[PDB]
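K.L.:
My questions will all concern the structure given below.
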Amino acid sequence: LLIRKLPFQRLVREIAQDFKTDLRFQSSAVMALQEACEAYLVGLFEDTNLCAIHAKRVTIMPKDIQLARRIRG
Amino acid sequence: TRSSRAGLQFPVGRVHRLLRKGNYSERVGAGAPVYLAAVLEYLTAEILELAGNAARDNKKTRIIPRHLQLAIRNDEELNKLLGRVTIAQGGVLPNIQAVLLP
Amino acid sequence: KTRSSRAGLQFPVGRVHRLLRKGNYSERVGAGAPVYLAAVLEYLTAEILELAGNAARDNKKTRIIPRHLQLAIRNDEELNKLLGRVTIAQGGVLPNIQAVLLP
Amino acid sequence: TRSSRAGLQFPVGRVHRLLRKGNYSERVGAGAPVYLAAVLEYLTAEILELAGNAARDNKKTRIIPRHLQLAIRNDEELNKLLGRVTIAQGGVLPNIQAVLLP
Amino acid sequence: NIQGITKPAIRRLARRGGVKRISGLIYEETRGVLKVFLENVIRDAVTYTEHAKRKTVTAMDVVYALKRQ
Amino acid sequence: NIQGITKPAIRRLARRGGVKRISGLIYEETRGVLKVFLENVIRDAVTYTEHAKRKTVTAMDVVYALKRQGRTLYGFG
Amino acid sequence: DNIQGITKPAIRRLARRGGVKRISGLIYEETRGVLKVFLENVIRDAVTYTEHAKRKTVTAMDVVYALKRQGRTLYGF
Amino acid sequence: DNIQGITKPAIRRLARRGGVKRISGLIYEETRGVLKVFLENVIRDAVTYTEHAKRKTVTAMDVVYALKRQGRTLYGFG
Amino acid sequence: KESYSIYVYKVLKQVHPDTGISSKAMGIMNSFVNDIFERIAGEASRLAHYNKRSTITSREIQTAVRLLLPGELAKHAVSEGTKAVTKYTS
Amino acid sequence: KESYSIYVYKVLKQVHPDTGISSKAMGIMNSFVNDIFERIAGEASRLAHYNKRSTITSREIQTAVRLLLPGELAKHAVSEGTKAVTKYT
Amino acid sequence: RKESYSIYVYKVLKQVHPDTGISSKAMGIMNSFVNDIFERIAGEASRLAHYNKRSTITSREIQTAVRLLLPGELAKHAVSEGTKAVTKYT
Amino acid sequence: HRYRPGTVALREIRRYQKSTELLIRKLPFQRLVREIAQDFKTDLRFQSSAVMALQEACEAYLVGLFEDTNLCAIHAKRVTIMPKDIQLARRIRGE
Amino acid sequence: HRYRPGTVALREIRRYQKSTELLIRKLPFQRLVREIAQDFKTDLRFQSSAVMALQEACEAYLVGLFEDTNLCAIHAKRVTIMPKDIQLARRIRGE
Amino acid sequence: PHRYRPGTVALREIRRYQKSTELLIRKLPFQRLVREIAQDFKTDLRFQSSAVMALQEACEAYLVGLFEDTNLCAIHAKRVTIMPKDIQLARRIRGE
DNA sequence: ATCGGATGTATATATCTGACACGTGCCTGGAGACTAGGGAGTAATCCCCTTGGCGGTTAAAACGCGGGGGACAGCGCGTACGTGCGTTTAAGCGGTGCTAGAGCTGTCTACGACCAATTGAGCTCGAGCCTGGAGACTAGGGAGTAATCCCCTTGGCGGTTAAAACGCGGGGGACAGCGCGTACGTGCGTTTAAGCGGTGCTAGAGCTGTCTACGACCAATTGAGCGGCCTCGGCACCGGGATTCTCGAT
DNA sequence: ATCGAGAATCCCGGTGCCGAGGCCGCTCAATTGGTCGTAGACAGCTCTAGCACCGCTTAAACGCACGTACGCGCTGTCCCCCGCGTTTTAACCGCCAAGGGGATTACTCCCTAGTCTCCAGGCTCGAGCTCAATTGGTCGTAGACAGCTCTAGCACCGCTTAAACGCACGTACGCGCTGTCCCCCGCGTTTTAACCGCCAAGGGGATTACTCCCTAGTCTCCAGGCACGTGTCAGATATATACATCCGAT
């Protein structure tokens with residue numbers, strides 16, 4: 001895994017808190033969430049890179065991400 | 001009828017029969033087809049509402065597929081639900097990218 | 001008064017007893033042994049004849065023929081087991097076609 | 001002894017006694033136990049001969065059940081005679097179906 | 001808490017995606033994208049948890065959430 | 001004489017056994033099988049005949065052979 | 001060679017609905033290839049369904065199921 | 001539930017001695033049923049002999065006799 | 001051949017009393033109802049399986065609605081369904 | 001030349017008063033009775049030999065019946081035999 | 001006192017394989033075998049005598065019984081052995 | 001008119017399982033019996049009922065063997081019996 | 001008179017986003033559909049509404065695909081779509 | 001790491017177990033089975049050790065032979081995997 | 001399919017020891033002459049009919065001979081099911097240390113069954129009756145086979161809105177080319193955290209009881225849906241305006 | 001870039017009618033209520049665990065000055081290449097005509113059940129015998145009575161050897177498709193077994209003189225069986241050696 005464990009955990013607890021109070025988490029639930037987020041970002045960065053090369057660039061920009069996400073739906 | 005007891009327009013009995021014969025589960029609660037019929041009725045009413053609105057904006061009293069496409073695509077949440085759905089004879093929304101105009 | 005009559009049987013207790021004495025089975029035969037054996041043989045004969053009579057009546061014949069014996073024996077699981085390696089002369093076989101052969 | 005008079009190793013007198021006491025017939029002829037001893041001796045000799053041969057093929061000096069099973073099953077006529085016989089601690093003959101090999 | 005996904009972490013993820021150079025404005029965008037994704041997945045996961053009358057989100061709930069999108 | 005067990009007879013025997021379709025090679029094969037059976041039964045039967053110092057093999061001898069081959073026959077006692 | 005019935009001007013109309021003002025000459029043949037691939041994939045699934053139903057007529061429902069199972073659900077048929 | 005003592009690896013070993021190379025998962029339960037029937041049939045006969053002799057211990061000879069009268073004669077325990 | 005056409009038409013008169021609908025549009029509405037039926041019932045079945053429950057009740061339907069519908073659509077549908085089930089129970 | 005024909009016929013008249021039997025079928029019944037006789041007597045003989053007993057009694061017959069007859073046939077045969085021995089005694 | 005064929009089997013073994021021994025289990029199998037074949041031959045001879053309304057089992061019933069029970073070439077040798085033995089005995 | 005392959009076959013199966021008459025011709029079987037017997041013992045005669053006994057036994061054996069052969073053929077998802085079916089049936093029977 | 005390059009294209013854009021009529025000729029597409037189906041299984045027939053459904057699906061797919069191609073073209077600061085735009089659109093869709 | 005292809009170890013095991021004679025079912029669980037089944041016929045029965053060993057020899061010989069016949073049935077159907085229908089054919093033709 | 005190297009296996013081999021033949025002491029049931037006892041198979045002898053051999057006839061069936069279809073041996077691809085591996089756990093096993101039910105044998109004794117007349121009785125074979133299933137026929141129902149059906153297929157050419165295509169030509173896009181600026185290392189300080197511990201505790205996964213709700217029939221049914229018919233909203237066409245680009249100019 | 005004129009393109013308004021929509025209606029069938037239970041489905045309670053909450057640590061992660069070379073956006077020219085008018089050309093649509101199935105209907109043929117007539121096949125009435133019942137004395141075989149001493153069962157304990165549970169994952173089963181084969185249906189042919197008759201004696205089947213084969217009881221003399229001291233091939237501990245077998249590479 002490529003994101004540091006503890007900040008991701010804290011983010012998960014913070015984000016989860018605005019939906020239901022007093023939640024706890026299994027450890028394997030957080031590793032599952034980490035696998036899912038990192039897989040998504042790697043794939044999204046793959047799509048951004050294809051969009052960048054399409055525009056004859058090598059530098060990724062926000063507009064590449066928004067195009068990739070728009071075409072993904 | 002059960003629909004009248006539940007205050008609904010969609011046919012609870014019919015929905016119940018389709019749930020029974022769709023091989024969805026071994027047992028079916030009494031409230032499930034009522035709830036399902038109510039939800040289907042609600043979504044039908046919303047799409048028909050927006051499509052009617054579009055129809056009156058175009059000064060047409062009859063709903064045609066075009067109004068369904070306009071209604072669905074101009075509403076973010078309906079567009080999300082039918083993001084991978086084709087409305088036959090719906091066409092598309094008029095939209096030209098600003099950089100292409102003279 | 002015969003012993004078969006005393007035993008309530010139709011099969012010949014005396015004949016079975018003599019046949020036991022002369023069959024070189026043992027030096028002695030108890031008095032109750034041929035009664036028991038005759039009773040068992042009579043029971044089995046009666047059971048088979050019962051089924052064969054039923055089969056005969058289904059076939060609207062008043063005389064039992066070998067075909068009815070074959071039907072009676074092979075359609076009854078325990079009689080068929082007892083006579084698993086027995087050929088009933090003029091019996092034929094049970095009507096039976098495996099489902100895969102039908103259209 | 002009658003075995004010596006007949007040139008046999010198996011006990012004719014004992015076989016005669018077993019015929020008398022086996023309730024086979026009221027009378028037993030004088031030649032019958034000699035003949036029986038001879039037949040039993042011949043078959044014993046054949047099985048022991050072949051089993052010894054098998055034992056030597058395995059570089060063993062003592063016959064164990066494996067050699068008897070090999071001897072019996074590898075001889076068509078002995079295998080036929082003992083077709084419905086179980087040899088305790090015999091195992092089976094090595095045999096792999098050609099279709100199963102790589 | 002979104003700021004805990006640090007600049008070097010996003011850099012490592014971009015390298016794994018095969019990206020060699022990254023604009024300074026990418027980082028905030030990635031954080032936003034991450035927040036949206038996480039929000040959606042957890043919403044489904046917690047919905048499943050509530051159905052099970054549990055107070056603990058389990059690994060199967062998250063995996064199930066991932067499957068349905 | 002083995003060819004006297006004709007093709008239609010073997011087909012009829014198979015019909016009683018419930019067989020609907022029959023490869024052409026069954027007939028010769030069946031004949032071989034049949035021959036073996038007869039040999040075995042008769043071998044015992046003739047022995048019985050020889051034991052009785054008779055020159056006519058009787059039906060009883062055959063029935064006894066069948067019994068001793070595990071194929072007991074009813075009706076000829 | 002029925003793929004040639006998807007004409008150059010038809011592809012132009014299709015591009016127009018997509019908002020395209022100018023079209024390189026090589027798009028049309030590329031588009032043709034792409035369209036053909038899509039159709040194969042849809043029709044293949046449709047025919048598979050037809051074959052499961054032991055029918056000789058591909059129905060509208062067969063096609064709808066094919067689109068649904070490829071994630072392209074179609075409304076109205 | 002002692003029939004479960006006839007384990008999966010035991011059935012594999014029996015099949016290997018029988019020359020079997022590949023074994024469907026359903027064979028084992030099927031085999032167990034078959035085995036139970038066999039034992040029942042044998043033990044039934046054995047117990048009759050035990051009961052006939054007015055004994056309370058099933059002997060090796062009872063089993064050998066049961067097997068013989070069931071056409072599965074066993075050598076070596078006389 | 002059964003369909004939801006007449007119920008959709010009555011709903012149309014509730015929401016637009018003097019408005020009609022074409023045959024094609026009614027067919028699209030019927031397709032719509034069947035799609036949402038399959039999605040909600042199938043997902044509810046999956047929830048029940050997930051929870052080792054053999055019965056689909058109004059709770060699985062409600063949760064399926066929350067997963068499938070966005071925001072205000074999910075809340076409004078849940079409110080209408082809840083009112084309907086409680087009125088039915090009375 | 002002995003046979004069981006008259007006894008088979010008496011049993012038939014008991015179970016089906018107005019039913020007859022062909023010559024071949026009666027011959028098959030005689031073969032059957034002789035067969036079962038041989039089976040039961042032989043098994044009883046083996047039981048007696050196995051137990052170093054010189055007498056075949058109703059008990060030897062009964063055990064042989066349990067060995068030879070399946071299930072309900074065995075139970076009913078034992079019942080008929082026991083009833084018959086008690087009536088005879 | 002339990003009688004058996006062990007010593008006779010062993011004498012035959014020394015005739016056929018002078019330097020070969022035999023395990024106890026194998027001797028038990030040979031004894032079981034001899035008893036089995038004994039039973040088969042004696043039973044067939046008894047039945048043969050009965051079938052022919054004879055009260056005596058002689059070497060003739062034994063020989064024919066042997067021919068029924070033993071296969072082929074084994075039968076010819078066994079008949080040969082029996083005949084030589086009976087003629088030497090007489 | 002022509003019946004399709006199999007219809008008449010089934011009709012014959014029903015016909016011959018319904019009846020009981022012997023299916024091999026008397027005289028050729030008798031010739032076979034005498035031929036085989038001649039190679040075992042000279043000068044043999046036969047009672048008529050001995051030959052009839054042989055016919056009942058052989059035909060019963062063959063019908064049963066054909067039943068087993070059919071089961072073996074069906075096991076291999078065929079409907080036509082072949083020599084390999086007969087040899088398998090006879091091997092499992094122990095012949 | 002002569003309109004400048006692009007004016008008539010835009011006019012066509014306004015026309016075809018306004019309407020809903022099918023844009024591929026019915027009959028040539030029908031021949032295409034029958035050819036492709038025939039290359040999987042011979043002698044099939046088709047209901048008319050099956051071909052109409054297939055045509056709606058193909059045209060909807062192509063219009064959406066051309067939308068994505070246009071987004072890719074504008075992304076590269078171009079106004080002319082080229083094959084690499086199609087390749088990128090379909091790669092990102094996962095086709 | 002090394003890995004043998006499917007079947008090589010099966011064949012090796014076949015050779016191994018056809019070479020040897022030791023009983024292949026565990027003694028004590030089989031013994032429990034025998035006592036349970038017998039107890040369901042007559043309560044409080046005892047067994048001689050050699051009676052249980054006899055039962056073990058009989059069962060293993062019967063099953064090994066049955067598995068031989070099943071294998072022959074499999075080969076007849078051009079398969080190499082034995083299936084329940086193979087057992088049922090073998091037992092039907094044997095007459096059990 | 002093989003030529004080789006790398007490992008995991010039985011093989012051909014060398015060593016130590018140990019219950020097992022195993023050869024031995026000896027002890028007793030079993031055995032085999034023996035002389036008859038008598039009782040059974042042997043061997044003429046003699047008669048009666050059963051199975052042949054054969055003459056002889058006929059019409060049922062076998063036996064070729066085609067036709068065709070439907071079955072079987074392949075085959076290529078799907079998917080998936082059991083396997084060989086490894087690790088961790090569960091119970092079988094060799095070793096006790098017991099212990100009391102029951103197999104085994106010995107007394108003895110008292111039922112029990114069998115030739116032996118012996119007293120007698122169903123059984124079985126002629127002999128002569130009928131009469132019930134073959135049979136010889138009939139009639140209706142089993143099925144096969146075309147085969148018209150309204151509705152959907154296949155083919156088909158006239159006129160005409162659509163497709164080429166060509167020339168133009170005028171705007172993209174592509175590369176050159178650059179200048180700035182901004183992320184990327186690059187190095188130093190920090191600071192936050194994995195991990196190692198440790199604490200208490202909430203909830204959760206499980207277990208048990210039980211009961212409220214839904215399945216699940218029947219009979220009763222009224223609302224939906226085809227079928228049909230009545231109808232006016234709007235698809236399409238004629239006449240006139242908004243807008244809408246489009247060129248020149250400066 | 002923002003006037004001004006002018007035409008094209010479209011929009012609007014007004015109308016024609018027709019057909020797609022609205023609407024009734026008969027029905028009919030999918031729908032709904034009355035009654036039974038079987039639970040599945042939820043409520044209560046409990047041990048556990050893993051999950052939250054908290055202190056060092058050192059160290060790797062991160063965060064922050066610096067500067068810099070690597071793009072990237074922004075113009076410039078070229079040329080390049082694709083869209084628009086005009087025109088021609090035409091398959092496609094119009095729009096039609098005819099052939100054309102999937103199908104059970106509506107007929108057709110053969111199979112399979114009902115209906116009199118005539119016997120071979122048992123169904124009854126009388127005739128002389130081999131099989132069956134009695135008790136008696138007379139043996140024996142079997143069944144209680146009583147040991148008694150063993151081995152079959154009951155509990156403790158390593159421990160490891162195997163059994164159980166995942167874990168890739170790759171051959172196996174299987175499954176639809178397909179070409180040829182090869183065998184079943186139908187019919188003429190040409191047998192050749194079924195039906196029938198003839199004569200006979202060879203051998204089955206009794207009948208008896210008989211003599212010689214094997215049982216039965218007793219005894220003398222015994223090999224075969226029960227114990228029983230002991231080197232040994234057999235079982236188990238290390239070995240090297242190919243012997244196979246699995247993964248590159250012809």
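Chains: A, B, ... in order of the structure tokens. Residues: from 1 per chain. Ligands: from 1, in order shown.
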At a cut-off of 6 Å, using only C-alpha atoms (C1' of nucleotides), what residues contact region 46-61 of chain F? Leave out same-chain residues fewer than 5 positions from it and give the result as a list in words.
P.N.:
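Near region 46-61 of chain F, the qualifying residues are residues 44, 45, 46, 47, 49 and 50 of chain L.
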K.L.:
Restricting the output to C-alpha atoms, write the selected residues as a PDB file, in the first residue's frame.
P.N.:
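Saved to again_20.pdb:
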ATOM      1  CA  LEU L  44     -25.098 -89.005 -27.419  1.00  0.00           C
ATOM      2  CA  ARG L  45     -28.848 -88.730 -27.803  1.00  0.00           C
ATOM      3  CA  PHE L  46     -31.069 -85.944 -26.486  1.00  0.00           C
ATOM      4  CA  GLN L  47     -34.548 -85.821 -25.017  1.00  0.00           C
ATOM      5  CA  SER L  49     -37.305 -81.498 -23.319  1.00  0.00           C
ATOM      6  CA  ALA L  50     -33.520 -81.287 -22.901  1.00  0.00           C
TER       7      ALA L  50
END
K.L.:
May I have the residues within 9 Å of residue 30 (chain F) as a PyMOL selection string, using only C-alpha atoms (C1' of nucleotides) and disregarding those fewer than 2 positions away in the same chain?
P.N.:
(chain F and resi 10+25-28+32-35) or (chain L and resi 62+83+86)
K.L.:
Grab the residues selected above and save them as a CSV table (one decimal), in the first residue's frame with C-alpha atoms.
P.N.:
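Listed below is the output, part-v5.csv:
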chain,number,residue,atom,x,y,z
F,10,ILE,CA,-30.4,-62.3,-32.5
F,25,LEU,CA,-20.7,-56.5,-35.3
F,26,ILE,CA,-22.9,-57.6,-32.4
F,27,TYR,CA,-24.1,-60.7,-34.3
F,28,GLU,CA,-20.8,-62.4,-34.7
F,32,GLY,CA,-19.1,-66.2,-29.9
F,33,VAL,CA,-20.6,-65.4,-26.5
F,34,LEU,CA,-23.4,-67.8,-27.1
F,35,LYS,CA,-20.9,-70.6,-28.1
L,62,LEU,CA,-29.1,-63.6,-23.9
L,83,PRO,CA,-19.2,-55.1,-28.9
L,86,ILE,CA,-21.0,-56.7,-24.4
K.L.:
As a ChimeraX atom specification, please: the residues near region 53-60 of chain P (cut-off 9 Å, only C-alpha atoms (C1' of nucleotides), same-chain neighbours under 2 positions excluded).
P.N.:
/O:198-199 /P:62
K.L.:
For the selection just defined, write its residues with N, CA, C and O atoms (P, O5', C5', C4', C3', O3' and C1' of nucleotides) to a file, as a PDB file, in the first residue's frame.
P.N.:
ATOM      1  P    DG O 198       3.053  -5.709  28.359  1.00  0.00           P
ATOM      2  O5'  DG O 198       1.779  -4.789  28.651  1.00  0.00           O
ATOM      3  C5'  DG O 198       1.955  -3.510  29.243  1.00  0.00           C
ATOM      4  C4'  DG O 198       0.646  -2.743  29.276  1.00  0.00           C
ATOM      5  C3'  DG O 198      -0.568  -3.543  29.772  1.00  0.00           C
ATOM      6  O3'  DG O 198      -1.162  -2.877  30.885  1.00  0.00           O
ATOM      7  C1'  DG O 198      -1.094  -2.296  27.846  1.00  0.00           C
ATOM      8  P    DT O 199      -2.556  -3.389  31.498  1.00  0.00           P
ATOM      9  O5'  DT O 199      -3.655  -2.725  30.549  1.00  0.00           O
ATOM     10  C5'  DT O 199      -3.746  -1.312  30.454  1.00  0.00           C
ATOM     11  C4'  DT O 199      -5.127  -0.833  30.859  1.00  0.00           C
ATOM     12  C3'  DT O 199      -5.961  -1.843  31.630  1.00  0.00           C
ATOM     13  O3'  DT O 199      -6.864  -1.171  32.496  1.00  0.00           O
ATOM     14  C1'  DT O 199      -6.826  -1.553  29.414  1.00  0.00           C
TER      15       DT O 199
ATOM     16  P    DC P  62       5.234  10.450   3.460  1.00  0.00           P
ATOM     17  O5'  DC P  62       5.461  11.936   4.009  1.00  0.00           O
ATOM     18  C5'  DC P  62       4.888  12.324   5.254  1.00  0.00           C
ATOM     19  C4'  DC P  62       5.390  13.690   5.689  1.00  0.00           C
ATOM     20  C3'  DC P  62       5.303  14.790   4.620  1.00  0.00           C
ATOM     21  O3'  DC P  62       4.803  15.995   5.199  1.00  0.00           O
ATOM     22  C1'  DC P  62       7.459  14.713   5.508  1.00  0.00           C
TER      23       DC P  62
END
K.L.:
Check the DSSP output for the backbone and give back, as an NGL selection string, the residues of chain K in strand (DSSP E or B).
P.N.:
:K and (21-22 or 56-57)
K.L.:
Okay, now the selection with C-alpha atoms, as a CSV table (one decimal), in the first residue's frame?
P.N.:
chain,number,residue,atom,x,y,z
K,21,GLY,CA,9.7,-71.4,4.0
K,22,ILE,CA,6.3,-70.0,4.6
K,56,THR,CA,-22.0,-94.5,-2.0
K,57,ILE,CA,-19.5,-91.8,-3.0
K.L.:
Relative to chain M, what is the Cα RMSD of chain L after a least-squares superposition using every Cα atom paired in order?
P.N.:
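The optimal C-alpha superposition leaves an RMSD of 0.4 Å.
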K.L.:
Can you list, as number ranges by chain, every protein, DNA or RNA residue that comes within 9 Å of region 36-38 of chain G when you count only C-alpha atoms (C1' of nucleotides), leaving out same-chain residues fewer than 5 positions away?
P.N.:
G: 3, 31, 43; M: 36, 58, 61
K.L.:
Tell me which protein, DNA and RNA residues are within 9 Å of residue 42 (chain A), counting only C-alpha atoms (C1' of nucleotides), leaving out same-chain ones fewer than 2 positions away, and put them as a list in words.
P.N.:
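Close residues of residue 42 (chain A): residues 37, 38, 39, 40, 44, 45, 46 and 47 of chain A; 13, 14, 16, 17 and 18 of chain E.
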K.L.:
Select all residues from chain B having any atom no more than 10 Å from an atom of chain O (counting only C-alpha atoms (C1' of nucleotides), ignoring ligands), output as a PyMOL selection string.
P.N.:
chain B and resi 1+27-30+60-62
K.L.:
What lies within 9 Å of region 34-45 of chain H using only C-alpha atoms (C1' of nucleotides), ignoring chain neighbours under 5 positions off, as a ChimeraX atom specification?
P.N.:
/H:3,29,50,62-63,65-67,69-70 /J:66-67 /N:33-34,37-38,41,55,59,62-63,87
K.L.:
Quick one: residues within 12 Å of region 1-7 of chain O, only C-alpha atoms (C1' of nucleotides), excluding same-chain residues fewer than 2 positions away - as a PyMOL selection string?
P.N.:
(chain N and resi 1-4) or (chain O and resi 9) or (chain P and resi 244-250)
K.L.:
Could the residues in this selection be saved with N, CA, C and O atoms (P, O5', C5', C4', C3', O3' and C1' of nucleotides) as a tab-separated table (two decimals), in the first residue's frame?
P.N.:
chain	number	residue	atom	x	y	z
N	1	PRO	N	9.22	-22.81	-7.46
N	1	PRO	CA	9.13	-24.12	-6.81
N	1	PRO	C	8.70	-25.23	-7.77
N	1	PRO	O	8.10	-24.95	-8.80
N	2	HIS	N	9.01	-26.47	-7.41
N	2	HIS	CA	8.62	-27.62	-8.21
N	2	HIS	C	7.16	-27.99	-7.94
N	2	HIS	O	6.68	-27.91	-6.80
N	3	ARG	N	6.49	-28.48	-8.98
N	3	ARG	CA	5.11	-28.95	-8.95
N	3	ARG	C	4.94	-30.03	-10.01
N	3	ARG	O	5.25	-29.81	-11.18
N	4	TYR	N	4.44	-31.18	-9.59
N	4	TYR	CA	4.12	-32.26	-10.50
N	4	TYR	C	2.78	-31.98	-11.18
N	4	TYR	O	1.87	-31.40	-10.59
O	9	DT	P	9.83	-36.99	-1.71
O	9	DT	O5'	10.16	-38.35	-2.49
O	9	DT	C5'	9.12	-39.02	-3.20
O	9	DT	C4'	9.69	-40.11	-4.09
O	9	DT	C3'	10.19	-41.34	-3.36
O	9	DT	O3'	9.12	-42.27	-3.19
O	9	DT	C1'	11.66	-40.70	-5.17
P	244	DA	P	13.53	-45.81	-14.33
P	244	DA	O5'	12.41	-44.70	-14.59
P	244	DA	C5'	12.72	-43.32	-14.48
P	244	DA	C4'	11.75	-42.63	-13.55
P	244	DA	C3'	10.80	-41.67	-14.23
P	244	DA	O3'	9.57	-41.61	-13.52
P	244	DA	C1'	12.27	-40.46	-12.82
P	245	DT	P	8.47	-40.48	-13.87
P	245	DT	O5'	8.90	-39.26	-12.95
P	245	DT	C5'	7.92	-38.34	-12.51
P	245	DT	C4'	8.47	-36.93	-12.55
P	245	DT	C3'	8.03	-36.11	-13.77
P	245	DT	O3'	7.77	-34.78	-13.36
P	245	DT	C1'	10.30	-35.99	-13.54
P	246	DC	P	6.36	-34.08	-13.68
P	246	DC	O5'	6.66	-32.53	-13.43
P	246	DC	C5'	7.32	-32.11	-12.24
P	246	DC	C4'	8.25	-30.93	-12.50
P	246	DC	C3'	7.83	-30.01	-13.64
P	246	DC	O3'	8.18	-28.67	-13.32
P	246	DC	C1'	9.97	-30.82	-14.07
P	247	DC	P	7.62	-27.45	-14.20
P	247	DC	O5'	8.94	-26.74	-14.78
P	247	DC	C5'	9.70	-25.88	-13.94
P	247	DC	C4'	10.90	-25.31	-14.67
P	247	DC	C3'	10.59	-24.52	-15.94
P	247	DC	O3'	11.51	-23.44	-16.07
P	247	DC	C1'	11.92	-26.41	-16.49
P	248	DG	P	11.27	-22.29	-17.17
P	248	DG	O5'	12.07	-22.81	-18.45
P	248	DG	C5'	12.60	-21.88	-19.39
P	248	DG	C4'	14.12	-21.99	-19.44
P	248	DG	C3'	14.73	-21.83	-20.82
P	248	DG	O3'	16.11	-21.51	-20.70
P	248	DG	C1'	14.98	-24.04	-20.16
P	249	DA	P	16.96	-21.02	-21.97
P	249	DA	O5'	17.00	-22.29	-22.94
P	249	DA	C5'	18.20	-22.61	-23.64
P	249	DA	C4'	17.93	-23.56	-24.80
P	249	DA	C3'	17.15	-22.96	-25.98
P	249	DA	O3'	17.73	-23.40	-27.20
P	249	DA	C1'	16.11	-24.92	-25.27
P	250	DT	P	17.50	-22.57	-28.56
P	250	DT	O5'	18.10	-23.53	-29.69
P	250	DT	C5'	17.33	-24.64	-30.17
P	250	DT	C4'	18.21	-25.84	-30.43
P	250	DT	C3'	17.93	-26.58	-31.73
P	250	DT	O3'	19.11	-27.24	-32.18
P	250	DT	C1'	17.23	-27.91	-29.89
K.L.:
Return the neighbours of chain L among the residues of chain O, cut-off 12 Å, counting only C-alpha atoms (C1' of nucleotides), as a PyMOL selection string.
P.N.:
chain O and resi 50-52+60-62+67-73+143-146
K.L.:
Pick out each residue of chain B that DSSP on the backbone tags as alpha helix (DSSP H); I need them as a PyMOL selection string.
P.N.:
chain B and resi 2-6+12-21+32-57+65-73+76-81
K.L.:
Residues of chain D within 10 Å of chain L, counting only C-alpha atoms - could you list those as a list in words?
P.N.:
residues 80, 83 and 84 of chain D
K.L.:
Using only C-alpha atoms, I'd like every residue of chain C that has an atom within 12 Å of chain K; please write them out as a PyMOL selection string.
P.N.:
chain C and resi 22-25
